[PDB]
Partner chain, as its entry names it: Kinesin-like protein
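One chain comes next, on its own, written out as structure tokens in the form solved without the partner chain.
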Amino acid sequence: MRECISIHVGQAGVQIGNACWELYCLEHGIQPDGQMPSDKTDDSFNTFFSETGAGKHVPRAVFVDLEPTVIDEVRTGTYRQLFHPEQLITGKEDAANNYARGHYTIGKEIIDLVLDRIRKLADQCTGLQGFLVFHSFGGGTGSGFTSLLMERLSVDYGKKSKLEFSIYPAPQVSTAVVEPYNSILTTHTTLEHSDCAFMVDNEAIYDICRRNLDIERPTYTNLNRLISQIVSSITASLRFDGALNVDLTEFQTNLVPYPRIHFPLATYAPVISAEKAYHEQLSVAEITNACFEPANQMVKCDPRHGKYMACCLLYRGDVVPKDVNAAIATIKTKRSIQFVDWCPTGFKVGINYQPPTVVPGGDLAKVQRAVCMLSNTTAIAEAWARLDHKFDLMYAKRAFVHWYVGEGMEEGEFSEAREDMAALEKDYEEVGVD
């Protein structure tokens, strides 16, 4: 019933998938072998996990990557038996920070196996609902292979919803200087196929881990643990029997008012480090006010310049509806938040009575109540402006264009990608005026 499949393309995608699946199996009482300890007899988690005859619940996910390092690190890691060998895919040739290699030269000889794995996974899924995609914009594989897979899946299924949790590159954790090319190209290619995508700015998350978690250096592990917490908070309503159930179709209906504007901005609160011997629990109104400052979102942008096309709230923890509505009413009094006249009111209520668990050993601290604020605002226009400004500075001298040229594609593709991003920015400023 409403089964979903999560796809993890690239190193970033597979690592975030490992982290989020670890958190999921922790939360739903799923021990690493896959069996239910005195819990086989909520059925909401059956959408994400497939139960076999033996009783183990293998996740309905696939791990694909073009280098064999992280894949067999997962294979040799703590979860040998959690994932069957078929949803693990390797490759002797990597895109090597090249969208063109991961889209034309190297992608084509693996997408066939990828489609075979997806079909095999969906065979046991009666009520197919949608596709979850995890990848990285900066990475060559996570851009090219993701775009090619998105095109192939649109060709095959089509009307089925497709969700992207894509890593937005940041200079602090950057790996290639050619990342703006790959990011712009992949978001241009997947724009008409990604029904809704969640942009996670690694600079914002880096700063969150530096400050909120009081870490001298947010390594890849802490960043992944935090982003897995964010993704779990977002998708709990789909994986739990919430009162106001929201699914991928409802995600498109609510957080995506315009088909070309499908980048909701997420903001989950609170974030308290494991130390200090006390979390200093914040009230419902306190956490509600804590999800609106420009230092808590998933993308480094100022919401004041942005306009709220649609905003949704998802409380997940020890919360009561009365206090939730009181906090919403108090927030509505703020003039700092404004809704487009076309939208009736940018607010929604999502309540999950189940307490939010925290992954053991993580720097995060257990909190009784929590909430993630999902809003679609034109604040992301600032991030997109930074990205295409980098693209324009980068393309003014045809730097590194020959690497893309050698893999078939030419400067023309750069031309329509740049003009498509330009049209996207005029779409932003068009919907930004009432």
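Positions refer to the first chain, counted from 1. Definition used throughout: the rigid core is the maximal C-alpha set that superposes within 1.5 Å between two forms.
The discussion below concerns the form deposited with the partner chain bound, not included here.
The closest non-hydrogen atom of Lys40 lies beyond 4.5 Å of the partner chain in the entry with it bound.
Using a 4.5 angstroms threshold between heavy atoms, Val431 counts as touching the partner chain in the entry with it bound. The shortest heavy atom separation between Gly29 and the partner chain in the entry with it bound exceeds 4.5 Å.
Within 4.5 Å of any heavy atom of the partner chain in the entry with it bound lies no heavy atom of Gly361.
For the options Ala365, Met36, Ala385, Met409, the one in contact with the partner chain in the entry with it bound, meaning a heavy atom within 4.5 Å, is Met409. Residues from 402-423 that approach the partner chain in the entry with it bound with a non-hydrogen atom closer than or equal to 4.5 Å are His402, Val405, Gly406, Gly408, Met409, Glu410, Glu411, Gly412, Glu413, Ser415, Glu416, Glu419, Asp420, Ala423, in the order they occur in the chain. After superposition on the rigid core, the C-alpha displacement between the shown form and the other one reaches 2 Å or more for just one residue among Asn245, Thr219, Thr78, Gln124, namely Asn245. Relative to the superposed core, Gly361 shifts its CA atom by less than 2 Å between the shown form and the other one.
With the core held fixed, the Cα of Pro169 is displaced between the shown form and the other one by 2 Å or more. For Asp302, a C-alpha deviation below 2 angstroms is recorded between the shown form and the other one after rigid-core alignment. In the entry with it bound, the CA atoms of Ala277 and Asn296 come closer by at least 3 angstroms compared with the shown structure.
Relative to the displayed conformation, the Cα-Cα distance from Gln172 to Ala417 shrinks by 3 Å or more in the entry with it bound.
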